[PDB]
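Student: Got input.pdb for you, PDB, C-alpha atoms:
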ATOM      1  CA  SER A   1      12.567 -36.955  14.598  1.00  0.00           C
ATOM      2  CA  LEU A   2       9.105 -35.391  14.878  1.00  0.00           C
ATOM      3  CA  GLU A   3       7.047 -33.642  17.581  1.00  0.00           C
ATOM      4  CA  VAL A   4       3.349 -33.760  16.662  1.00  0.00           C
ATOM      5  CA  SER A   5       1.052 -32.344  19.321  1.00  0.00           C
ATOM      6  CA  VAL A   6      -2.292 -30.713  20.046  1.00  0.00           C
ATOM      7  CA  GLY A   7      -0.859 -27.183  20.233  1.00  0.00           C
ATOM      8  CA  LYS A   8      -0.264 -24.626  22.966  1.00  0.00           C
ATOM      9  CA  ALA A   9      -3.856 -24.099  24.154  1.00  0.00           C
ATOM     10  CA  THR A  10      -6.442 -26.547  25.468  1.00  0.00           C
ATOM     11  CA  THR A  11      -9.586 -26.411  27.594  1.00  0.00           C
ATOM     12  CA  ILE A  12     -10.176 -28.701  30.578  1.00  0.00           C
ATOM     13  CA  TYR A  13     -13.156 -29.390  32.847  1.00  0.00           C
ATOM     14  CA  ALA A  14     -12.706 -30.569  36.421  1.00  0.00           C
ATOM     15  CA  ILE A  15     -14.934 -31.246  39.428  1.00  0.00           C
ATOM     16  CA  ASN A  16     -14.870 -28.936  42.432  1.00  0.00           C
ATOM     17  CA  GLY A  17     -12.887 -30.528  45.248  1.00  0.00           C
ATOM     18  CA  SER A  18     -10.956 -32.921  43.000  1.00  0.00           C
ATOM     19  CA  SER A  19      -7.410 -32.640  41.656  1.00  0.00           C
ATOM     20  CA  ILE A  20      -6.586 -31.533  38.121  1.00  0.00           C
ATOM     21  CA  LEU A  21      -3.367 -31.760  36.116  1.00  0.00           C
ATOM     22  CA  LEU A  22      -2.614 -28.828  33.814  1.00  0.00           C
ATOM     23  CA  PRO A  23      -0.256 -30.111  31.093  1.00  0.00           C
ATOM     24  CA  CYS A  24       2.857 -28.468  29.703  1.00  0.00           C
ATOM     25  CA  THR A  25       5.841 -30.192  28.113  1.00  0.00           C
ATOM     26  CA  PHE A  26       8.492 -28.405  26.079  1.00  0.00           C
ATOM     27  CA  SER A  27      11.070 -29.460  23.518  1.00  0.00           C
ATOM     28  CA  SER A  28      14.231 -27.956  22.075  1.00  0.00           C
ATOM     29  CA  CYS A  29      16.474 -29.744  19.611  1.00  0.00           C
ATOM     30  CA  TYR A  30      19.059 -27.134  20.624  1.00  0.00           C
ATOM     31  CA  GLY A  31      19.829 -28.374  24.086  1.00  0.00           C
ATOM     32  CA  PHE A  32      20.106 -25.618  26.559  1.00  0.00           C
ATOM     33  CA  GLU A  33      21.312 -23.485  29.445  1.00  0.00           C
ATOM     34  CA  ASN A  34      19.423 -22.992  32.651  1.00  0.00           C
ATOM     35  CA  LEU A  35      15.793 -22.841  31.518  1.00  0.00           C
ATOM     36  CA  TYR A  36      13.285 -20.639  33.326  1.00  0.00           C
ATOM     37  CA  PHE A  37       9.530 -21.194  33.469  1.00  0.00           C
ATOM     38  CA  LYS A  38       6.540 -19.913  35.424  1.00  0.00           C
ATOM     39  CA  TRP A  39       2.836 -20.653  35.877  1.00  0.00           C
ATOM     40  CA  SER A  40       0.495 -17.661  36.139  1.00  0.00           C
ATOM     41  CA  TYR A  41      -3.270 -17.518  36.602  1.00  0.00           C
ATOM     42  CA  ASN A  42      -5.675 -15.029  35.018  1.00  0.00           C
ATOM     43  CA  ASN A  43      -9.326 -14.014  35.069  1.00  0.00           C
ATOM     44  CA  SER A  44     -11.241 -10.774  34.524  1.00  0.00           C
ATOM     45  CA  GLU A  45     -10.204  -9.100  37.786  1.00  0.00           C
ATOM     46  CA  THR A  46      -6.587  -9.990  38.629  1.00  0.00           C
ATOM     47  CA  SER A  47      -3.714 -12.413  38.072  1.00  0.00           C
ATOM     48  CA  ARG A  48      -1.427 -14.205  40.524  1.00  0.00           C
ATOM     49  CA  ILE A  49       1.763 -16.218  40.228  1.00  0.00           C
ATOM     50  CA  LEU A  50       1.505 -19.923  41.053  1.00  0.00           C
ATOM     51  CA  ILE A  51       5.065 -21.252  40.846  1.00  0.00           C
ATOM     52  CA  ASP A  52       8.262 -20.418  38.998  1.00  0.00           C
ATOM     53  CA  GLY A  53      11.047 -22.843  38.299  1.00  0.00           C
ATOM     54  CA  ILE A  54      14.200 -23.961  36.547  1.00  0.00           C
ATOM     55  CA  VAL A  55      15.477 -26.915  34.596  1.00  0.00           C
ATOM     56  CA  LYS A  56      19.236 -26.998  35.034  1.00  0.00           C
ATOM     57  CA  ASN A  57      19.485 -28.983  31.791  1.00  0.00           C
ATOM     58  CA  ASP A  58      17.657 -31.516  29.637  1.00  0.00           C
ATOM     59  CA  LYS A  59      19.607 -34.147  31.585  1.00  0.00           C
ATOM     60  CA  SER A  60      17.989 -32.930  34.827  1.00  0.00           C
ATOM     61  CA  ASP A  61      14.308 -32.121  35.397  1.00  0.00           C
ATOM     62  CA  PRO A  62      12.095 -29.098  36.223  1.00  0.00           C
ATOM     63  CA  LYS A  63      12.567 -27.791  39.777  1.00  0.00           C
ATOM     64  CA  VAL A  64      10.606 -24.996  41.532  1.00  0.00           C
ATOM     65  CA  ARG A  65      11.867 -21.824  43.239  1.00  0.00           C
ATOM     66  CA  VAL A  66       8.779 -19.697  44.024  1.00  0.00           C
ATOM     67  CA  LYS A  67       5.562 -21.270  45.306  1.00  0.00           C
ATOM     68  CA  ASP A  68       2.522 -19.219  46.284  1.00  0.00           C
ATOM     69  CA  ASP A  69      -0.164 -21.937  46.211  1.00  0.00           C
ATOM     70  CA  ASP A  70       0.510 -24.974  48.394  1.00  0.00           C
ATOM     71  CA  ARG A  71      -1.947 -26.983  46.273  1.00  0.00           C
ATOM     72  CA  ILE A  72       0.401 -26.791  43.270  1.00  0.00           C
ATOM     73  CA  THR A  73       2.546 -29.871  42.760  1.00  0.00           C
ATOM     74  CA  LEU A  74       4.976 -30.275  39.895  1.00  0.00           C
ATOM     75  CA  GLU A  75       5.718 -33.880  39.012  1.00  0.00           C
ATOM     76  CA  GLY A  76       6.130 -35.742  35.729  1.00  0.00           C
ATOM     77  CA  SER A  77       8.658 -38.094  34.122  1.00  0.00           C
ATOM     78  CA  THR A  78      10.138 -34.030  26.380  1.00  0.00           C
ATOM     79  CA  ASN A  79      10.744 -32.392  29.746  1.00  0.00           C
ATOM     80  CA  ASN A  80       7.371 -31.847  31.404  1.00  0.00           C
ATOM     81  CA  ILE A  81       6.520 -28.791  33.485  1.00  0.00           C
ATOM     82  CA  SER A  82       2.922 -29.884  34.056  1.00  0.00           C
ATOM     83  CA  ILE A  83       1.560 -29.139  37.518  1.00  0.00           C
ATOM     84  CA  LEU A  84      -1.155 -30.851  39.536  1.00  0.00           C
ATOM     85  CA  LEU A  85      -3.578 -28.480  41.231  1.00  0.00           C
ATOM     86  CA  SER A  86      -5.259 -30.181  44.181  1.00  0.00           C
ATOM     87  CA  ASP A  87      -8.261 -29.277  46.337  1.00  0.00           C
ATOM     88  CA  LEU A  88     -10.064 -27.572  43.488  1.00  0.00           C
ATOM     89  CA  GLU A  89     -12.326 -24.635  44.268  1.00  0.00           C
ATOM     90  CA  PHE A  90     -14.818 -22.778  42.110  1.00  0.00           C
ATOM     91  CA  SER A  91     -12.606 -19.673  42.024  1.00  0.00           C
ATOM     92  CA  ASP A  92      -9.843 -21.722  40.386  1.00  0.00           C
ATOM     93  CA  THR A  93     -11.753 -21.250  37.122  1.00  0.00           C
ATOM     94  CA  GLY A  94      -9.720 -19.167  34.708  1.00  0.00           C
ATOM     95  CA  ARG A  95      -6.739 -19.249  32.375  1.00  0.00           C
ATOM     96  CA  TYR A  96      -3.467 -20.905  33.413  1.00  0.00           C
ATOM     97  CA  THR A  97      -0.427 -19.712  31.438  1.00  0.00           C
ATOM     98  CA  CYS A  98       2.895 -21.586  31.360  1.00  0.00           C
ATOM     99  CA  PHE A  99       5.762 -19.411  30.092  1.00  0.00           C
ATOM    100  CA  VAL A 100       9.253 -20.669  29.160  1.00  0.00           C
ATOM    101  CA  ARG A 101      12.633 -18.997  28.676  1.00  0.00           C
ATOM    102  CA  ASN A 102      15.786 -20.417  26.925  1.00  0.00           C
ATOM    103  CA  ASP A 103      14.343 -14.821  21.765  1.00  0.00           C
ATOM    104  CA  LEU A 104      12.358 -17.758  23.207  1.00  0.00           C
ATOM    105  CA  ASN A 105       9.069 -16.443  24.625  1.00  0.00           C
ATOM    106  CA  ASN A 106       6.733 -19.387  24.108  1.00  0.00           C
ATOM    107  CA  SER A 107       3.712 -19.976  26.336  1.00  0.00           C
ATOM    108  CA  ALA A 108       1.130 -22.700  26.859  1.00  0.00           C
ATOM    109  CA  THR A 109      -2.417 -21.811  27.902  1.00  0.00           C
ATOM    110  CA  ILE A 110      -4.869 -23.948  29.890  1.00  0.00           C
ATOM    111  CA  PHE A 111      -8.456 -22.779  30.295  1.00  0.00           C
ATOM    112  CA  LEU A 112      -9.757 -24.477  33.442  1.00  0.00           C
ATOM    113  CA  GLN A 113     -13.500 -24.670  34.069  1.00  0.00           C
ATOM    114  CA  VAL A 114     -14.352 -25.972  37.538  1.00  0.00           C
ATOM    115  CA  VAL A 115     -17.762 -27.644  37.759  1.00  0.00           C
ATOM    116  CA  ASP A 116     -19.785 -28.987  40.674  1.00  0.00           C
ATOM    117  CA  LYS A 117     -20.383 -32.549  41.783  1.00  0.00           C
ATOM    118  CA  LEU A 118     -24.001 -33.401  41.020  1.00  0.00           C
TER     119      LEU A 118
ATOM    120  CA  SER B   1      14.309 -23.202  18.860  1.00  0.00           C
ATOM    121  CA  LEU B   2      11.784 -23.727  21.670  1.00  0.00           C
ATOM    122  CA  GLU B   3       8.403 -25.422  21.221  1.00  0.00           C
ATOM    123  CA  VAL B   4       5.742 -25.992  23.891  1.00  0.00           C
ATOM    124  CA  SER B   5       2.784 -28.371  23.835  1.00  0.00           C
ATOM    125  CA  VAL B   6      -0.086 -29.265  26.123  1.00  0.00           C
ATOM    126  CA  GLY B   7       0.201 -32.899  25.061  1.00  0.00           C
ATOM    127  CA  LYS B   8      -0.705 -35.324  22.315  1.00  0.00           C
ATOM    128  CA  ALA B   9      -4.284 -35.776  23.550  1.00  0.00           C
ATOM    129  CA  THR B  10      -7.134 -33.500  24.582  1.00  0.00           C
ATOM    130  CA  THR B  11     -10.900 -33.452  24.953  1.00  0.00           C
ATOM    131  CA  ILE B  12     -12.992 -30.845  23.138  1.00  0.00           C
ATOM    132  CA  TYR B  13     -16.570 -29.937  24.055  1.00  0.00           C
ATOM    133  CA  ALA B  14     -18.232 -28.344  21.032  1.00  0.00           C
ATOM    134  CA  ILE B  15     -21.616 -26.700  20.475  1.00  0.00           C
ATOM    135  CA  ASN B  16     -24.202 -28.328  18.221  1.00  0.00           C
ATOM    136  CA  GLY B  17     -24.739 -26.271  15.082  1.00  0.00           C
ATOM    137  CA  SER B  18     -21.521 -24.346  15.736  1.00  0.00           C
ATOM    138  CA  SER B  19     -18.049 -24.804  14.209  1.00  0.00           C
ATOM    139  CA  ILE B  20     -14.985 -26.315  15.883  1.00  0.00           C
ATOM    140  CA  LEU B  21     -11.287 -26.384  15.036  1.00  0.00           C
ATOM    141  CA  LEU B  22      -9.636 -29.752  15.661  1.00  0.00           C
ATOM    142  CA  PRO B  23      -5.990 -28.918  16.401  1.00  0.00           C
ATOM    143  CA  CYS B  24      -2.868 -30.691  15.214  1.00  0.00           C
ATOM    144  CA  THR B  25       0.557 -29.106  14.878  1.00  0.00           C
ATOM    145  CA  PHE B  26       3.991 -30.652  14.514  1.00  0.00           C
ATOM    146  CA  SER B  27       7.515 -29.337  14.934  1.00  0.00           C
ATOM    147  CA  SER B  28      10.823 -30.547  13.600  1.00  0.00           C
ATOM    148  CA  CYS B  29      14.371 -29.234  13.525  1.00  0.00           C
ATOM    149  CA  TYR B  30      15.197 -30.660  10.095  1.00  0.00           C
ATOM    150  CA  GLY B  31      13.609 -29.575   6.841  1.00  0.00           C
ATOM    151  CA  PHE B  32      10.980 -32.018   5.657  1.00  0.00           C
ATOM    152  CA  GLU B  33       9.285 -32.740   2.338  1.00  0.00           C
ATOM    153  CA  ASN B  34       6.383 -34.997   1.351  1.00  0.00           C
ATOM    154  CA  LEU B  35       5.453 -35.301   5.026  1.00  0.00           C
ATOM    155  CA  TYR B  36       2.205 -37.247   4.676  1.00  0.00           C
ATOM    156  CA  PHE B  37      -0.573 -36.660   7.199  1.00  0.00           C
ATOM    157  CA  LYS B  38      -3.972 -38.290   7.623  1.00  0.00           C
ATOM    158  CA  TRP B  39      -7.037 -37.620   9.747  1.00  0.00           C
ATOM    159  CA  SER B  40      -9.068 -40.588  10.968  1.00  0.00           C
ATOM    160  CA  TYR B  41     -12.510 -40.623  12.572  1.00  0.00           C
ATOM    161  CA  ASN B  42     -13.387 -43.422  14.996  1.00  0.00           C
ATOM    162  CA  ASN B  43     -16.951 -43.909  16.235  1.00  0.00           C
ATOM    163  CA  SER B  44     -18.912 -46.713  17.873  1.00  0.00           C
ATOM    164  CA  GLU B  45     -20.690 -47.465  14.596  1.00  0.00           C
ATOM    165  CA  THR B  46     -17.915 -46.594  12.147  1.00  0.00           C
ATOM    166  CA  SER B  47     -14.240 -45.936  11.461  1.00  0.00           C
ATOM    167  CA  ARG B  48     -13.031 -43.840   8.549  1.00  0.00           C
ATOM    168  CA  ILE B  49     -10.135 -41.760   7.262  1.00  0.00           C
ATOM    169  CA  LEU B  50     -11.274 -38.152   7.020  1.00  0.00           C
ATOM    170  CA  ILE B  51      -8.673 -36.426   4.846  1.00  0.00           C
ATOM    171  CA  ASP B  52      -5.059 -36.860   3.907  1.00  0.00           C
ATOM    172  CA  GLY B  53      -2.377 -35.129   1.926  1.00  0.00           C
ATOM    173  CA  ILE B  54       1.141 -33.830   2.305  1.00  0.00           C
ATOM    174  CA  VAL B  55       2.915 -30.702   3.423  1.00  0.00           C
ATOM    175  CA  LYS B  56       5.338 -30.210   0.542  1.00  0.00           C
ATOM    176  CA  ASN B  57       7.613 -28.380   3.009  1.00  0.00           C
ATOM    177  CA  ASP B  58       7.740 -25.357   5.323  1.00  0.00           C
ATOM    178  CA  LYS B  59       7.317 -23.276   2.156  1.00  0.00           C
ATOM    179  CA  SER B  60       3.711 -23.997   1.333  1.00  0.00           C
ATOM    180  CA  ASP B  61       0.209 -24.623   2.576  1.00  0.00           C
ATOM    181  CA  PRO B  62      -0.730 -28.310   2.951  1.00  0.00           C
ATOM    182  CA  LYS B  63      -2.310 -30.027  -0.052  1.00  0.00           C
ATOM    183  CA  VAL B  64      -5.360 -32.137   0.812  1.00  0.00           C
ATOM    184  CA  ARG B  65      -5.626 -35.366  -1.202  1.00  0.00           C
ATOM    185  CA  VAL B  66      -8.512 -37.514   0.076  1.00  0.00           C
ATOM    186  CA  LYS B  67     -11.548 -35.345   0.762  1.00  0.00           C
ATOM    187  CA  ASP B  68     -14.296 -35.867   3.304  1.00  0.00           C
ATOM    188  CA  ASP B  69     -17.842 -34.968   3.217  1.00  0.00           C
ATOM    189  CA  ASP B  70     -18.462 -31.206   2.621  1.00  0.00           C
ATOM    190  CA  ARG B  71     -17.921 -30.489   6.228  1.00  0.00           C
ATOM    191  CA  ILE B  72     -14.252 -30.947   6.977  1.00  0.00           C
ATOM    192  CA  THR B  73     -11.808 -28.403   5.621  1.00  0.00           C
ATOM    193  CA  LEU B  74      -8.201 -27.607   6.415  1.00  0.00           C
ATOM    194  CA  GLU B  75      -6.521 -24.562   7.933  1.00  0.00           C
ATOM    195  CA  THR B  76       4.900 -24.515  13.738  1.00  0.00           C
ATOM    196  CA  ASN B  77       3.333 -26.164  10.676  1.00  0.00           C
ATOM    197  CA  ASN B  78      -0.387 -26.481  11.262  1.00  0.00           C
ATOM    198  CA  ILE B  79      -2.538 -29.428  10.190  1.00  0.00           C
ATOM    199  CA  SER B  80      -5.648 -28.500  12.180  1.00  0.00           C
ATOM    200  CA  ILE B  81      -8.975 -29.084  10.408  1.00  0.00           C
ATOM    201  CA  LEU B  82     -12.103 -26.982  10.831  1.00  0.00           C
ATOM    202  CA  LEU B  83     -15.447 -28.720  11.361  1.00  0.00           C
ATOM    203  CA  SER B  84     -18.344 -26.364  10.626  1.00  0.00           C
ATOM    204  CA  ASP B  85     -22.040 -26.622  11.530  1.00  0.00           C
ATOM    205  CA  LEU B  86     -21.523 -29.366  14.077  1.00  0.00           C
ATOM    206  CA  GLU B  87     -24.117 -32.060  14.609  1.00  0.00           C
ATOM    207  CA  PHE B  88     -24.249 -34.534  17.486  1.00  0.00           C
ATOM    208  CA  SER B  89     -23.416 -37.344  15.040  1.00  0.00           C
ATOM    209  CA  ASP B  90     -19.942 -35.811  14.647  1.00  0.00           C
ATOM    210  CA  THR B  91     -19.009 -36.922  18.178  1.00  0.00           C
ATOM    211  CA  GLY B  92     -16.125 -39.372  18.131  1.00  0.00           C
ATOM    212  CA  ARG B  93     -12.353 -39.708  18.227  1.00  0.00           C
ATOM    213  CA  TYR B  94     -10.441 -37.662  15.660  1.00  0.00           C
ATOM    214  CA  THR B  95      -6.818 -38.744  15.236  1.00  0.00           C
ATOM    215  CA  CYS B  96      -4.120 -36.956  13.232  1.00  0.00           C
ATOM    216  CA  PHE B  97      -1.061 -39.003  12.265  1.00  0.00           C
ATOM    217  CA  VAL B  98       2.019 -37.660  10.464  1.00  0.00           C
ATOM    218  CA  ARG B  99       3.740 -40.435   8.514  1.00  0.00           C
ATOM    219  CA  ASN B 100       7.534 -40.634   8.827  1.00  0.00           C
ATOM    220  CA  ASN B 101       3.673 -39.849  16.184  1.00  0.00           C
ATOM    221  CA  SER B 102       0.121 -38.510  16.402  1.00  0.00           C
ATOM    222  CA  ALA B 103      -2.300 -36.254  18.265  1.00  0.00           C
ATOM    223  CA  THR B 104      -5.698 -37.514  19.437  1.00  0.00           C
ATOM    224  CA  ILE B 105      -8.776 -35.325  19.897  1.00  0.00           C
ATOM    225  CA  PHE B 106     -11.852 -36.734  21.634  1.00  0.00           C
ATOM    226  CA  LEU B 107     -14.689 -34.529  20.372  1.00  0.00           C
ATOM    227  CA  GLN B 108     -17.891 -34.364  22.421  1.00  0.00           C
ATOM    228  CA  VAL B 109     -20.703 -32.369  20.813  1.00  0.00           C
ATOM    229  CA  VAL B 110     -23.069 -30.770  23.331  1.00  0.00           C
ATOM    230  CA  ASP B 111     -25.545 -27.912  23.691  1.00  0.00           C
ATOM    231  CA  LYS B 112     -25.513 -24.866  25.956  1.00  0.00           C
ATOM    232  CA  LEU B 113     -28.269 -22.973  27.688  1.00  0.00           C
ATOM    233  CA  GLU B 114     -28.421 -19.283  26.834  1.00  0.00           C
ATOM    234  CA  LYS B 115     -27.585 -18.394  30.417  1.00  0.00           C
ATOM    235  CA  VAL B 116     -27.661 -19.692  33.939  1.00  0.00           C
ATOM    236  CA  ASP B 117     -30.668 -19.317  36.112  1.00  0.00           C
ATOM    237  CA  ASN B 118     -32.028 -15.731  36.215  1.00  0.00           C
ATOM    238  CA  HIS B 119     -29.715 -13.029  34.888  1.00  0.00           C
ATOM    239  CA  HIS B 120     -29.881  -9.226  34.959  1.00  0.00           C
TER     240      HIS B 120
END
Please re-express this file's structure in structure tokens.

Tutor:
Amino acid sequence: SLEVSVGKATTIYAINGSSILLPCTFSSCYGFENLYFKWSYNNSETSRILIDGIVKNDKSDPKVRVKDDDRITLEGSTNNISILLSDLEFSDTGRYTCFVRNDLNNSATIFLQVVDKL
Amino acid sequence: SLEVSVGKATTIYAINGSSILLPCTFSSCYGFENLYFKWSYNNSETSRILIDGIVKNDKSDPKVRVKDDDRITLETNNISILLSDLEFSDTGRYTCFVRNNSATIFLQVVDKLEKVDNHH
């Protein structure tokens, strides 16, 4: 089997007020334990946590524990931890980091540029 | 043995006259040899295979076989090509396939103002 992909980092442009999906799927040929992940947000000034979560196993799916932005929604059918950020605002521009945990310490980065409707 | 990806498709906005890196990476959990890869360019006016070659294995750098113009070169085994001195004509769909799926990059060449309206 093979897993060809674009990489861990991509840039994405989205219209203010719309919804945007920040993608992250992960793969292990190992098979695994409980598997921890989290979405953080960064800019020049500060950084906040968006959601954290767990996949009980490859046979189950990614489920969320912590949620600090009600606009975040995690849904996807490679297990996929992509999230859908709704009700976009201009201050949502920044870097969205998705970190994963069975050592393991792999992260995916999404640079999100919010633009106006013209 | 944990790999993360932001998908098999992305869009890339690139600056005219600048240089862009078109990313493709592949993972496997078996050792592989003679893994053949190709890059194809698809445009409204034309379709063409950019470059191809093989990664002999995880040991070595990839060996390019079919070469494209002067202006595509090659860089967790990494197949990403670098496109230098972009021109608007380079806009199109760049697809990287690894023969035994593929990653698709939709490259839009643009230009940027120095600033926004009236800076300090």

Student: Within 12 Å of chain B, which residues of chain A show up when using only C-alpha atoms, listed as a tab-separated table (two decimals) with C-alpha atoms, in the coordinates of the input?

Tutor:
chain	number	residue	atom	x	y	z
A	1	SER	CA	12.57	-36.96	14.60
A	2	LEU	CA	9.10	-35.39	14.88
A	3	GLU	CA	7.05	-33.64	17.58
A	4	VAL	CA	3.35	-33.76	16.66
A	5	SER	CA	1.05	-32.34	19.32
A	6	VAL	CA	-2.29	-30.71	20.05
A	7	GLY	CA	-0.86	-27.18	20.23
A	8	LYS	CA	-0.26	-24.63	22.97
A	9	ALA	CA	-3.86	-24.10	24.15
A	10	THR	CA	-6.44	-26.55	25.47
A	11	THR	CA	-9.59	-26.41	27.59
A	12	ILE	CA	-10.18	-28.70	30.58
A	13	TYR	CA	-13.16	-29.39	32.85
A	14	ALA	CA	-12.71	-30.57	36.42
A	21	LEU	CA	-3.37	-31.76	36.12
A	22	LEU	CA	-2.61	-28.83	33.81
A	23	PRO	CA	-0.26	-30.11	31.09
A	24	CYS	CA	2.86	-28.47	29.70
A	25	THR	CA	5.84	-30.19	28.11
A	26	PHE	CA	8.49	-28.40	26.08
A	27	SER	CA	11.07	-29.46	23.52
A	28	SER	CA	14.23	-27.96	22.08
A	29	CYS	CA	16.47	-29.74	19.61
A	30	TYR	CA	19.06	-27.13	20.62
A	31	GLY	CA	19.83	-28.37	24.09
A	32	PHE	CA	20.11	-25.62	26.56
A	35	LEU	CA	15.79	-22.84	31.52
A	37	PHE	CA	9.53	-21.19	33.47
A	78	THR	CA	10.14	-34.03	26.38
A	79	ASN	CA	10.74	-32.39	29.75
A	80	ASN	CA	7.37	-31.85	31.40
A	81	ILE	CA	6.52	-28.79	33.48
A	82	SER	CA	2.92	-29.88	34.06
A	83	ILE	CA	1.56	-29.14	37.52
A	96	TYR	CA	-3.47	-20.90	33.41
A	97	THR	CA	-0.43	-19.71	31.44
A	98	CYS	CA	2.90	-21.59	31.36
A	99	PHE	CA	5.76	-19.41	30.09
A	100	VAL	CA	9.25	-20.67	29.16
A	101	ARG	CA	12.63	-19.00	28.68
A	102	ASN	CA	15.79	-20.42	26.92
A	103	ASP	CA	14.34	-14.82	21.76
A	104	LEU	CA	12.36	-17.76	23.21
A	105	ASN	CA	9.07	-16.44	24.62
A	106	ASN	CA	6.73	-19.39	24.11
A	107	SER	CA	3.71	-19.98	26.34
A	108	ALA	CA	1.13	-22.70	26.86
A	109	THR	CA	-2.42	-21.81	27.90
A	110	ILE	CA	-4.87	-23.95	29.89
A	111	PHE	CA	-8.46	-22.78	30.30
A	113	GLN	CA	-13.50	-24.67	34.07

Student: My list of candidates is B:119, B:63, B:93, B:112. Which is closest to residue 41 of chain B when distances are computed with all atoms listed in the file?

Tutor: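 When distances to residue 41 of chain B are compared using all atoms listed in the file, the smallest one comes from B:93.
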
Student: Would you work out the distance separating atom CA of residue 74 of chain A from atom CA of residue 86 of chain A, expressed in Å to one decimal?

Tutor: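 According to the coordinates, atom CA of residue 74 of chain A and atom CA of residue 86 of chain A are separated by 11.1 Å.
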
Student: Mind giving me the straight-line distance from atom CA of residue 44 of chain B to atom CA of residue 69 of chain B in Å, one decimal?

Tutor: 18.8 Å

Student: Calculated over all atoms listed in the file, which of the candidates A:47, A:40, A:34, A:93 has the smallest distance to residue 67 of chain A?

Tutor: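 Checking each candidate against residue 67 of chain A, we get A:40 as the closest.
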
Student: Within 8 Å of (-10.7, -26.7, 38.8), all atoms listed in the file: residues as a PyMOL selection string?

Tutor: chain A and resi 13-20+85+88-93+112-115

Student: How many Å lie between atom CA of residue 43 of chain A and atom CA of residue 70 of chain A, rounded to one decimal?

Tutor: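 Distance reported for this atom pair: 19.9 Å.
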
Student: Which residues would end up in the selection if the PyMOL selection byres ((chain B and resi 109) around 12) were applied here, given that I need the answer as a PyMOL selection string?

Tutor: chain B and resi 11-20+83+85-93+106-108+110-112

Student: Expand the PyMOL selection byres ((chain A and resi 56) around 7) into the individual residues it matches in the shown file, reporting them as an MDAnalysis selection string.

Tutor: chainID A and resid 33:35 54:55 57 60

Student: Name every residue that the PyMOL selection byres ((chain B and resi 38) around 8) selects in this structure, writing the answer as a ChimeraX atom specification with chains first and numbers rising.

Tutor: /B:36-37,39-40,49-53,96-98

Student: Take the selection from the previous step and output its residues with C-alpha atoms, as a short mmCIF file (atom, residue, chain, number, x, y, z; two decimals), in the coordinates of the input.

Tutor:
data_model
loop_
_atom_site.label_atom_id
_atom_site.label_comp_id
_atom_site.auth_asym_id
_atom_site.auth_seq_id
_atom_site.Cartn_x
_atom_site.Cartn_y
_atom_site.Cartn_z
CA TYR B 36 2.20 -37.25 4.68
CA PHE B 37 -0.57 -36.66 7.20
CA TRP B 39 -7.04 -37.62 9.75
CA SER B 40 -9.07 -40.59 10.97
CA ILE B 49 -10.14 -41.76 7.26
CA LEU B 50 -11.27 -38.15 7.02
CA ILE B 51 -8.67 -36.43 4.85
CA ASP B 52 -5.06 -36.86 3.91
CA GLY B 53 -2.38 -35.13 1.93
CA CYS B 96 -4.12 -36.96 13.23
CA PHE B 97 -1.06 -39.00 12.26
CA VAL B 98 2.02 -37.66 10.46
#

Student: Around all the atoms of segment 53-59 of chain A listed in the file, draw an axis-aligned box and extend it by 8 Å on each of the six sides; I want its centre and edge lengths in Å to one decimal, as JSON.

Tutor:
{"center_x": 15.3, "center_y": -28.5, "center_z": 34.0, "size_x": 24.6, "size_y": 27.3, "size_z": 24.7}

Student: With 10 Å as the threshold, what does the neighbourhood of (0.9, -25.7, 4.9) contain in terms of residues, counting only C-alpha atoms? Coordinates are those of the file; answer as a list in words.

Tutor: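 The requested residues, written out, are residues 54, 55, 56, 57, 58, 59, 60, 61, 62, 63, 64, 74, 75, 76, 77, 78 and 79 of chain B.
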
Student: Counting all atoms listed in the file, which of A:36, A:116, A:69, A:41 gets nearest to residue 53 of chain A?

Tutor: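 The answer is A:36, which sits nearest to residue 53 of chain A.
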
Student: Nearest to residue 48 of chain B: which of B:73, B:95, B:118, B:34 is it, counting only C-alpha atoms?

Tutor: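 Checking each candidate against residue 48 of chain B, we get B:95 as the closest.
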
Student: Using only C-alpha atoms, which of A:84, A:95, A:61, A:73 sits nearest residue 48 of chain A?

Tutor: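 For residue 48 of chain A, the nearest of the candidates is A:95.
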
Student: Taking the partial coordinates given, rebuild segment 16-22 of chain B to contain N, CA and C atoms; return it as a PDB file, in the coordinates of the input.

Tutor:
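Generated output (selection_6.pdb):
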ATOM      1  N   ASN B  16     -23.430 -27.866  19.367  1.00  0.00           N
ATOM      2  CA  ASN B  16     -24.202 -28.328  18.221  1.00  0.00           C
ATOM      3  C   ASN B  16     -24.610 -27.151  17.345  1.00  0.00           C
ATOM      4  N   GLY B  17     -24.469 -27.326  16.033  1.00  0.00           N
ATOM      5  CA  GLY B  17     -24.739 -26.271  15.082  1.00  0.00           C
ATOM      6  C   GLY B  17     -23.614 -25.281  14.900  1.00  0.00           C
ATOM      7  N   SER B  18     -22.643 -25.265  15.804  1.00  0.00           N
ATOM      8  CA  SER B  18     -21.521 -24.346  15.736  1.00  0.00           C
ATOM      9  C   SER B  18     -20.374 -24.978  14.945  1.00  0.00           C
ATOM     10  N   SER B  19     -19.219 -24.317  14.927  1.00  0.00           N
ATOM     11  CA  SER B  19     -18.049 -24.804  14.209  1.00  0.00           C
ATOM     12  C   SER B  19     -16.870 -24.931  15.162  1.00  0.00           C
ATOM     13  N   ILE B  20     -16.100 -26.006  14.999  1.00  0.00           N
ATOM     14  CA  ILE B  20     -14.985 -26.315  15.883  1.00  0.00           C
ATOM     15  C   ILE B  20     -13.726 -26.492  15.049  1.00  0.00           C
ATOM     16  N   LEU B  21     -12.588 -26.161  15.647  1.00  0.00           N
ATOM     17  CA  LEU B  21     -11.287 -26.384  15.036  1.00  0.00           C
ATOM     18  C   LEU B  21     -10.592 -27.517  15.777  1.00  0.00           C
ATOM     19  N   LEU B  22     -10.285 -28.597  15.059  1.00  0.00           N
ATOM     20  CA  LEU B  22      -9.636 -29.752  15.661  1.00  0.00           C
ATOM     21  C   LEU B  22      -8.133 -29.603  15.488  1.00  0.00           C
TER      22      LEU B  22
END
